[PDB]
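Engineer: Structure in structure tokens, see below.
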Amino acid sequence: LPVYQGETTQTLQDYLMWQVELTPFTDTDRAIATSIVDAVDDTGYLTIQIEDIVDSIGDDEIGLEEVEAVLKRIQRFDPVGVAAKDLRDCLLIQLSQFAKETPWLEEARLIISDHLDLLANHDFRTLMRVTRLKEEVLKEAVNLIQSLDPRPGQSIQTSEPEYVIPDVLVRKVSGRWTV
Amino acid sequence: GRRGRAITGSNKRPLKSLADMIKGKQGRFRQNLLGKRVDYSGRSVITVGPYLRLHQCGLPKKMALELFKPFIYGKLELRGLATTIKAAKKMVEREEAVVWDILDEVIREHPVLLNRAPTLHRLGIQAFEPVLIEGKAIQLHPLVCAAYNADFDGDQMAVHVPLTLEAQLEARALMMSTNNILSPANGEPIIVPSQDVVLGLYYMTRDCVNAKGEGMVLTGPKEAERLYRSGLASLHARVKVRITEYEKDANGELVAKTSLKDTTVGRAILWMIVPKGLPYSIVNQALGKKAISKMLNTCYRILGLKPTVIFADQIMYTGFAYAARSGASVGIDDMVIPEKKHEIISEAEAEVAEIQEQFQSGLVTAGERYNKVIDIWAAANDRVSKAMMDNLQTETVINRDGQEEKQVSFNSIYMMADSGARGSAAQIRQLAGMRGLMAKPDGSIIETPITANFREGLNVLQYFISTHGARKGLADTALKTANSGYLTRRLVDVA
Amino acid sequence: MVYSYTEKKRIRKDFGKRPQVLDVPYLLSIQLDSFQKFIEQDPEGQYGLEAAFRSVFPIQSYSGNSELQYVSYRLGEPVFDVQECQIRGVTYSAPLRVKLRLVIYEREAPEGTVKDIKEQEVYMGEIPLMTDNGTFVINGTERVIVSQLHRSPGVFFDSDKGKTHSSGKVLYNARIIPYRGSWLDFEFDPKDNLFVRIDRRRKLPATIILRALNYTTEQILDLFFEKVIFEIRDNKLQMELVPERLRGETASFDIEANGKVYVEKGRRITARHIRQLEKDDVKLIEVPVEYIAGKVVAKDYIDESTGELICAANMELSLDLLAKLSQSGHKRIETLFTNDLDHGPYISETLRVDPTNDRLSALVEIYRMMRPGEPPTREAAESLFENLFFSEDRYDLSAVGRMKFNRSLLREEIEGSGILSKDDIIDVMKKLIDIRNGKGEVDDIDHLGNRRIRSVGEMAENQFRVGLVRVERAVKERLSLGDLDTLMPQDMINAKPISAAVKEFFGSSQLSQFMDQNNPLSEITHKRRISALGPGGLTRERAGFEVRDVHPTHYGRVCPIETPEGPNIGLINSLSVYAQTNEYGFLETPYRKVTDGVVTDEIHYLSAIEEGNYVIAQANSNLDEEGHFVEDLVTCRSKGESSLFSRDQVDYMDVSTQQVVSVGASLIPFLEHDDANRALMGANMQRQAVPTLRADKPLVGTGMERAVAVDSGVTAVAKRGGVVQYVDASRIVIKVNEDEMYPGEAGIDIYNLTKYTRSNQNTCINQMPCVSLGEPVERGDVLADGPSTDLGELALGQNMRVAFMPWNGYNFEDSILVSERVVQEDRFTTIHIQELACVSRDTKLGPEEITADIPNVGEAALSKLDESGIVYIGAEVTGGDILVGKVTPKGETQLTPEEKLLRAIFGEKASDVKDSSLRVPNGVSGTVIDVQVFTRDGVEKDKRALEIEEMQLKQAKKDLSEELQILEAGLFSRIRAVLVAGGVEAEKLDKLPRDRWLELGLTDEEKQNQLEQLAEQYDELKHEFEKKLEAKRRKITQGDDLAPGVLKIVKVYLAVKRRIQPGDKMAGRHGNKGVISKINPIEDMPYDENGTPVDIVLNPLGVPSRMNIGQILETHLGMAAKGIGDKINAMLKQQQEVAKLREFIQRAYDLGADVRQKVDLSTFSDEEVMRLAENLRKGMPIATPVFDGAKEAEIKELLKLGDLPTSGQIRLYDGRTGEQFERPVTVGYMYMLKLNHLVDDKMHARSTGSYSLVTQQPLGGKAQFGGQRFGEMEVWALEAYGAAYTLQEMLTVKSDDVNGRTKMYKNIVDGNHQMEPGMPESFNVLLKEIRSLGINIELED
């Protein structure tokens, strides 16, 4: 009873920090992976970008290339798409890590590249006209994109706790709501 | 904690005050728990190794590789089969043949340590070269069965893996059972077949009077050829045989000598299985279990460790072989009760009446009459023991030229006690004759004694009273394990 | 010849020569009568509710002229069915309500009653209805309470000395254990002083209690000490000495006997001198004044002139004070005897030791002792003293305790009150003093007469009265305050405390525990246990070793071989064959009267106390057919000393050979050929068994199995039945004959058994039917065969062919080998039962419901669960398959533009439903037995529960419709008969009912009237049936009620099978057990002469180590039975004539010694003979008595008759190399059975698992990655190895701090295999401590 803990190996953001500590890396690579992991919000994405970490550190040795490399080594370890840093390239990473043998994968990748805006308005006609995709044949790719496991981080990081301190309770005790 | 007792809110037990806060309560007890604590890394198994000579033990394949999964993935990456560690995890979840091959190859160089749950002697843990097993409970070489201080009863054993290279060096060097030979406590050679291996060794060098082809004379290469098919038996006597024994007479050098000693099939055969140095006459015996120990001791004195291991393993094997060969069943008739006591006890019975008559005459007081009855019963018991011994000694008639061959019979109790593997004449006394006095409620001795047999049943009261003794014995064992542990604890604390 | 139609198919051969006189009793009525009496509406209040209610029934106000009474109590009937409560899981009980009586009496009127409120029956909780098998349904759960035994209330004159004295002195201590109230002890200190203690408190002066109880010191001395006149007038110094009264003391001087000195001075007391002094009239003889010095003044006398205290009480007479008393006091002064040779005051020494001489001072000493503070005020001491023992309402021990106290005081009247008596205390002190001087023998708790037993009814009544006391207190308080009320008798009538107490006593009790039906024999044995531990008897596992010995007073009281082999040894006792209970709390064993040579067939159940008087002959006493005795000198016991005694020396005859041991022993046969240690071993071993997939009677029997199964209450019995008409594999319809069909009943019994029930031992419960259709069935006939039942006999084990001989050292003494065919022979297959329940656990965030809408769920996962989240019924499940999909509500968020985009892309999730699905456990897979959903009121989903409700309602309707259809058919037949011979043909009525042509006019006066009456009856029957159907639908659809947290619960149970494997554990009734070691191909089995390859190889050396003749005896008996069955089956294949087989079987069964009379071809019809022979087509059934089995000579003759060797030995052909093996061996078929401990259950492994909440180590009441932690003895030994590296790893890897776990994993993956010494990371944490680093002198070097 020194301290307390929750799910592990499955250890939440700290599980990502441990899987980073579970791989061979130097002091700077581990530090940058820890900056990526600790700067992850309740949605699972990298809460603070590389620029924020560089500014807080103020270290010229830690660079954008080194930070990006350390984060890409930590892009998909536990689970896939952690510190997503605005999940979208996280979706591309999930698609690429997923086997290319999946059908309509080319259409899904083409849509996920730069056709996010067209899918945002649910304009299938605009998407078909722009990407020139076969109508309703891109539907399998779109459905697969729907099942891309967003918030793979939030899957654990959405452990978002519930907070409420109501100043009173209305029991509605047999009607006439009893405050 | 010195004054007052400020308590936790609504908790009559005081809050863990900043007066006793410095004390953790568990503190030393928590450290003691740390002294004897672990987590996961558990084993336990319960089976016998008919195969797998001393330099081995059986580890079931199931919980196997539940351990070396790190080693499995490491090899698979090293073999290139695990390009990715998660790929390794997926492949391990698939249990490919390459997984089993990697597990075997890694274990092929990786032995393990197995240990007993209740802990008494240093012999409770041993190191063996694991062999994969398609079973559920680990099979241990019947070699160290005693060294485990268990008896093929239900128990889970502990499994240990030497993760450090130094750990492996220490276990294979020090924790080696192939290193642990003699009982290091008193120095007595621990490695001693106490199971029917000795029984077969004895039955091999044994002969009722003279079997078929008793007079056959030979040289050695084909005695087993005849015995396996036909021509001679071990129960044969006086079979001449030229014996080639090389003894290390020269300083570190042996010279052979050719004899023509008469023997049986079994003794001559076992002579071949033996190591070199000792004379064949050292084998030429009935080959007793203590004699087996004596031979083992002499071997360890003369030869060394490796030949000793080889001889012990071959001995376990050959003992099982002969035991399967002879069979030697047991039945009710294998116990034959002498009828003489049927009169003698009656005679002894009359004596008590006289004491009772003396007790009735007032000449024998309560103590005096009781002592007279006890002495009469004890004398009757000794006489009945002698009579039963005679009826169960080498008291049998065998076909011979003289039509009288009084030799070692084949009554199950008698031959079994002759080898000494388990039980003796003490239980055989109640097996057919009486169990003796057997009177002890707590410390006192009851009047009427037990004149009955488990070949003849018993009266109500004999059984009615006998069970308190076994109950007390179990209770004493229970009460005494704790005191012995506390004592040895204090000792080691001193030590 | 017994018909035994239920046993007509199967007749087990007898071997019991002794003609049984007493049959086995119900053996379960012991608890049953207890519950009956506790729930007995007894006309007199003596037991159960009748005594308990009136005990606290009257509640009176504090002079409020208000009283409370009860008229009569009626117990509410059970709400549901036993199966209904079990399926619901509800605690089956019975309500209660007692017509109360509250009376308000007008003041100033002597009992002038003003009003009565004796009009409200008040319900106080509900009474748990005990099962007809005596079980309970505690919260649904089948629990039984172990029988209680303690010391009977009363005074025991203990010794309490010996080494405990530690001074070489003999103590005389007496302990009073009243059935209620404080306890008392009177010890004898080494100073010959009596010490009184109450409630095991500090000792008190002997004379303090007497003085406190209004008793003068003069009265105490006069009662305690004998007073001599000592009439010394005019300084005569003449004492009235009687040589009979005082003698045995050497006459020192001044010894004269009626003038002439018969005893010389300095002369030893002579028996001749005493006789002469008694015979010669001995008057007041002059005695030396020196004897006056040793004398102590008996009475506190005063001078004749002045009331001076000269020569006070208990004062030794002084010669100077002697003159003062003689001149001033009087001439004759009371003295004492002080015959220290024959007596000892022990109280006068304590009287002076007593510091309190006044009654008030003595009472205040008691108050100070009981309460160290709060000194009394001459009223607190008196009130406390009165309430301690002299209060009938505060001590109230017992009337049985009163009887014991009367007997110990030799008081002929034994009926007394629970309160104490001062005369009783005086008698107790006198008895203690006499025993100290020598008057009798000390008590013996180990003797059965010193112990009384208590059953369930007594405990229930005690709990009821205890709960009633507190409620009556509140009732009296409510009557005292505000008595001016005409309210109903519910002012303080609270049912909740009574119900809670009843539940807790039934629920939370040491005796009470979940039932163990592992064997129905195991069930019955667990049912009848007797233990001293619990509320009384044995307080702790310690504090006794002679308490656990073989007590002589339980020779015919407790089972001698069956008891726990663990630490609870001794604490467990089992009732024998025919033990009966005594009157109050004891038991009595029936024994035949032995009167004048012949032994009277009449028997009497006698207890230990009466037993020590009469001489009881042993059972195995050969007696004449006249009852007379063949042998004159017979070993008989009268007072624990059995020896040869005359035919006129025996007083009673025993009951039976089985009368000594419990039935748990009765199963084991041929144990007369066995040792005691192995006997108890096997006796315990029989318990832990589980039924097999196949149920066949093991060949060798003892005769107890069929009767035991009858008493097991697990099979199906036929109560008042004549012929079984419709038999479904769940529904048995028996047409009870009109003789057995009572009027107002059709005469049809419908029986529905349960199939495949998850056992209390988690096994499978199944009843196997035996009756097919349309057969003459007797009332009291077996119907369905539960677990381990075969032909109506308890068979928890199967006779497999085997031999005991070593082979290839493959099988150890405790390791067994089974041949491969037997594994193929489906033997020992087991149907294990598992379960898994979920609760709705509705939250404020939202209820969790089951709909298979698991967030992030693969299709195959949802491809098993049915629509309601739960799945359908009938296939299997593998791995950790998800069963029921509950969805835990999750909290909401803001507009969340990224999450909004995801919802527009994926959606249908919104992170709102957390997967709370039920999934299969790891390592858990197999077929599924059944599911059930209980939904609380207010939730009526019934998404698939409507299917289950429909199934249940359809079964219920199918049942209710059969009776209605039969009634309608009977009414139609009656109507057709009414219109018969009235111009109406049966063809027209057959065409249509038409109500017998609607009173067509068969008679037009009575036919019309009879038709009207029959129509009225039919309409009434239809209305009743419709009401029954509506009510049944309402009850079936009545729904469940769940706890506040869970809206609904869905419990699913899956049954997984299991066959033996590497690591199985078989057992033998000869206590020989074994581990499944190695099974080679069936070819490897040695081939018989006929090539029959043996199955099980036993250890001959192990059999010698076992030294049990019964094993070999089992071998021979099984061999004979198998041979007999073999000849029978050969004749059947030969299809020989039924007559020839009848002759052979009659020769076989009648073969052997005289045991029982039977002959076929006269009772067995050929079809009955054919049915039985087809039944016994594979063995010979035989039964033998426990100590009176057959003779080995009979066995050899049978082997000759069975075409088998009399010795049984036979050669064998090897199964591997096929060499003939010398020394022909005997083989047979020994019964084998498996142990509850399972190899798969034992198997466990872990290298990296999940840690628990305390100290970062792995744990948490979960059987996942379990791993015994290292041992302290093991750690010491490991250090002794000196493997400092290995030990340093075990303390450096093997535990909890996952901090260096990452380093270890990285090193191992790199193959580095390296560690850093660092610090006990936890001692580095202890530095974190260091009085907060306060102690850091740490000179790290």
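The chains in the structure tokens are called A, B, ... from first to last as shown; in each chain the residues are counted from 1, and the ligands are counted from 1 in the order shown.
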Give me, as a count of residues only, the contact residues of chain C against chain A at a cut-off of 12 Å, counting only C-alpha atoms.

Structural biologist: 60

Engineer: Distance cut-off 12 Å, counting only C-alpha atoms - which residues of chain B neighbour chain A? Return them as a PyMOL selection string.

Structural biologist: chain B and resi 24+26+30+84-87

Engineer: Include N, CA and C atoms and write out the residues we just selected as a short mmCIF file (atom, residue, chain, number, x, y, z; two decimals), in the first residue's frame.

Structural biologist:
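Output file again15.cif is given in full below:
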data_model
loop_
_atom_site.label_atom_id
_atom_site.label_comp_id
_atom_site.auth_asym_id
_atom_site.auth_seq_id
_atom_site.Cartn_x
_atom_site.Cartn_y
_atom_site.Cartn_z
N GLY B 24 5.23 0.59 11.26
CA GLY B 24 4.38 0.12 10.15
C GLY B 24 3.56 -1.09 10.56
N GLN B 26 3.36 -4.05 10.20
CA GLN B 26 3.93 -5.16 9.39
C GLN B 26 5.46 -5.05 9.45
N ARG B 30 6.52 -7.66 7.69
CA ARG B 30 6.51 -7.43 6.22
C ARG B 30 7.88 -7.84 5.66
N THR B 84 9.00 -9.19 -36.28
CA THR B 84 8.42 -8.26 -35.34
C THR B 84 8.06 -9.00 -34.05
N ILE B 85 8.17 -8.28 -32.93
CA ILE B 85 7.85 -8.87 -31.64
C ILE B 85 6.36 -9.15 -31.52
N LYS B 86 5.53 -8.25 -32.05
CA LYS B 86 4.10 -8.54 -32.13
C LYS B 86 3.84 -9.63 -33.16
N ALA B 87 4.62 -9.67 -34.23
CA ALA B 87 4.56 -10.81 -35.14
C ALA B 87 4.94 -12.08 -34.41
#

Engineer: Hey, what does DSSP flag as helix (DSSP H, G or I) within range 346-495 of chain B? Can you give it to me as a PyMOL selection string?

Structural biologist: chain B and resi 346-361+366-392+412-419+425-432+460-494

Engineer: What lies within 12 Å of range 34-39 of chain A using only C-alpha atoms, ignoring chain neighbours under 3 positions off, as a VMD selection string?

Structural biologist: chain A and resid 12 to 21 25 27 to 31 42 to 57 62 67 to 78 81 to 85 153 157

Engineer: Any chance you can output those residues with C-alpha atoms as an mmCIF file, in the first residue's frame?

Structural biologist:
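Final output, part-v4.cif:
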data_model
loop_
_atom_site.group_PDB
_atom_site.id
_atom_site.type_symbol
_atom_site.label_atom_id
_atom_site.label_comp_id
_atom_site.auth_asym_id
_atom_site.auth_seq_id
_atom_site.Cartn_x
_atom_site.Cartn_y
_atom_site.Cartn_z
ATOM 1 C CA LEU A 12 -2.870 3.539 -20.453
ATOM 2 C CA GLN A 13 -0.565 6.387 -21.585
ATOM 3 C CA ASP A 14 1.898 4.967 -19.075
ATOM 4 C CA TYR A 15 1.653 1.686 -20.992
ATOM 5 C CA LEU A 16 2.870 3.574 -24.058
ATOM 6 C CA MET A 17 5.598 5.128 -21.909
ATOM 7 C CA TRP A 18 6.569 1.634 -20.747
ATOM 8 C CA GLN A 19 6.534 0.126 -24.240
ATOM 9 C CA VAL A 20 8.861 3.003 -25.076
ATOM 10 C CA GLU A 21 10.843 1.919 -22.015
ATOM 11 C CA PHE A 25 16.614 3.689 -27.357
ATOM 12 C CA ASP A 27 18.479 8.923 -23.500
ATOM 13 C CA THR A 28 17.278 11.515 -26.022
ATOM 14 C CA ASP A 29 15.039 9.050 -27.890
ATOM 15 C CA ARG A 30 13.455 7.930 -24.620
ATOM 16 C CA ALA A 31 13.055 11.551 -23.491
ATOM 17 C CA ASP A 42 -7.797 11.989 -23.126
ATOM 18 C CA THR A 43 -8.562 11.350 -26.820
ATOM 19 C CA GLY A 44 -5.311 9.409 -27.315
ATOM 20 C CA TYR A 45 -3.638 11.854 -29.698
ATOM 21 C CA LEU A 46 -0.397 13.639 -28.897
ATOM 22 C CA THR A 47 -1.773 16.488 -26.788
ATOM 23 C CA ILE A 48 1.245 18.756 -27.272
ATOM 24 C CA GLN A 49 2.982 18.761 -30.635
ATOM 25 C CA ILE A 50 6.726 18.545 -31.210
ATOM 26 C CA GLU A 51 6.974 22.346 -31.297
ATOM 27 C CA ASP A 52 5.495 22.741 -27.804
ATOM 28 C CA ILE A 53 7.927 20.162 -26.406
ATOM 29 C CA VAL A 54 10.876 21.862 -28.120
ATOM 30 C CA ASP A 55 9.814 25.251 -26.748
ATOM 31 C CA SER A 56 9.349 23.924 -23.206
ATOM 32 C CA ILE A 57 12.705 22.122 -23.325
ATOM 33 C CA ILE A 62 16.461 17.978 -29.377
ATOM 34 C CA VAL A 67 11.627 14.360 -32.137
ATOM 35 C CA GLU A 68 9.718 13.201 -35.224
ATOM 36 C CA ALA A 69 11.852 10.054 -35.462
ATOM 37 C CA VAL A 70 11.325 9.226 -31.779
ATOM 38 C CA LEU A 71 7.568 9.773 -32.136
ATOM 39 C CA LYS A 72 7.379 7.663 -35.313
ATOM 40 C CA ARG A 73 9.191 4.879 -33.470
ATOM 41 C CA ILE A 74 6.394 5.401 -30.930
ATOM 42 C CA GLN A 75 3.655 5.899 -33.545
ATOM 43 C CA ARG A 76 2.147 2.393 -33.168
ATOM 44 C CA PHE A 77 3.475 0.256 -30.301
ATOM 45 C CA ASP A 78 0.738 -0.069 -27.669
ATOM 46 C CA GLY A 81 -2.009 5.130 -33.339
ATOM 47 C CA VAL A 82 -0.885 6.619 -30.039
ATOM 48 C CA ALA A 83 0.175 10.232 -29.638
ATOM 49 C CA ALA A 84 -1.713 10.616 -32.885
ATOM 50 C CA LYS A 85 -0.766 14.304 -33.088
ATOM 51 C CA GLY A 153 -5.430 6.091 -27.633
ATOM 52 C CA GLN A 157 -7.257 7.440 -22.765
#

Engineer: Can you tell me which residues surround range 155-158 of chain B at a distance of at most 10 Å, considering only C-alpha atoms, apart from same-chain residues fewer than 6 positions away, and format the answer as a short mmCIF file (atom, residue, chain, number, x, y, z; two decimals) with C-alpha atoms, in the first residue's frame?

Structural biologist:
data_model
loop_
_atom_site.label_atom_id
_atom_site.label_comp_id
_atom_site.auth_asym_id
_atom_site.auth_seq_id
_atom_site.Cartn_x
_atom_site.Cartn_y
_atom_site.Cartn_z
CA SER B 41 7.26 -18.03 -11.61
CA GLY B 42 5.53 -21.11 -10.08
CA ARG B 43 5.82 -24.80 -11.13
CA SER B 44 4.78 -28.09 -9.36
CA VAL B 45 4.41 -31.62 -10.91
CA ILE B 46 3.73 -35.26 -9.79
CA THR B 47 4.76 -38.26 -12.01
CA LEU B 113 15.49 -26.95 -11.27
CA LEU B 114 12.64 -28.75 -9.53
CA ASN B 115 11.93 -28.71 -5.83
CA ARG B 116 9.57 -30.09 -3.21
CA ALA B 117 6.92 -28.03 -1.44
CA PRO B 118 7.48 -28.96 2.24
CA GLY B 124 14.59 -30.88 -1.59
CA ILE B 125 15.75 -29.05 -4.71
CA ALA B 137 2.41 -33.72 -14.04
CA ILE B 138 6.18 -33.82 -14.09
CA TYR B 148 12.29 -35.45 -2.47
CA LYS C 1242 -3.95 -28.90 -10.24
CA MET C 1243 -2.10 -27.69 -13.34
CA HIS C 1244 -1.01 -24.06 -13.17
CA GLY C 1267 2.16 -18.91 -8.19
CA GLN C 1268 2.97 -20.08 -4.66
CA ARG C 1269 5.45 -17.58 -3.24
CA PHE C 1270 8.82 -18.86 -2.04
#

Engineer: Could you work out how far CA of residue 556 in chain C lies from CA of residue 356 in chain B, giving the answer in Å with one decimal?

Structural biologist: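 It comes out at 28.5 Å.
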